[PDB]
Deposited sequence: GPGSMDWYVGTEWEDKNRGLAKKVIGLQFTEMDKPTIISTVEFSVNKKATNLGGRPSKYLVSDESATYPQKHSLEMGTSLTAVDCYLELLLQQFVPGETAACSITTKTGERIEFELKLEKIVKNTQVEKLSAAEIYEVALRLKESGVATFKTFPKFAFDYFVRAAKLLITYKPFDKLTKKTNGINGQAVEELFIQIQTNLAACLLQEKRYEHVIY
């Protein structure tokens, strides 16, 4: 065994991964816009009341379909980032450390990558739909997780400005009308503004 025991970290986000098993098929990793299938191998420990679509218990192991950039909770969003570090067939002990130092611990396996689209490949039309879905997740997490909501809108905005100017876009050439793009960009800018106000409203409310 070579891959077993190897480790990855993102100190900034309190994420750590340690490989415990591998059924090798290839060294491909999920992209930021991929669709994957993965399983939770046992009950997550120390969830501590935090909402999670995948880790929240109520039989193991259990399978899930996941499209990157759709998660609506803090834990789930960070689940995605861990999954983006798996190769298919890999089983890893994962952890999310909180501000209080307490660790949420879980064991995941990436079963396969259903679709591994690359951003660079995408047409302007397809980029729009990715920006549109990201904004939707932003809107859906606005009340419950404003920092993540914010990050969503930022990600959506960043995708779109790759096509500035917008005035040179036509359905005929790019697949999409440049008017639709600048309208969606403006909606996102407005959402980021709202988010900052939402964060202010609760900065002095304790966790």
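Missing from the model, relative to the deposited sequence, are the stretches 1-5, 64-66.
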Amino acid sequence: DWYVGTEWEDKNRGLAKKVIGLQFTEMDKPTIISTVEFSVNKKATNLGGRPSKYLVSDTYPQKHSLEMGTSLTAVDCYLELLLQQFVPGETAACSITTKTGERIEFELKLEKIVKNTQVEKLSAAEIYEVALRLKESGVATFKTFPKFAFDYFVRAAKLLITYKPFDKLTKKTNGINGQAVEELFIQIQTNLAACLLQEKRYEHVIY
From here on, numbers count along this sequence of modelled residues.
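In this entry, 167-175 shows the higher mean Cα temperature factor of the pair 42-50 and 167-175. For the pair 124-132 and 82-90, the record assigns the higher mean C-alpha temperature factor to 124-132. Take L66, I32, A157, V56 and read off each C-alpha B-factor from the entry; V56 has the highest. Ranked against the other modelled residues of its chain, the C-alpha B-factor of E107 as given in the entry falls in the middle third.
When the modelled residues of the chain are ordered by C-alpha B-factor, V119 sits in the highest third. When the CA B factors of the chain's modelled residues are split into thirds, the value for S137 lands in the lowest one.
Among the modelled residues of its chain, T97 has a C-alpha B-factor that falls in the middle third according to the deposited record.
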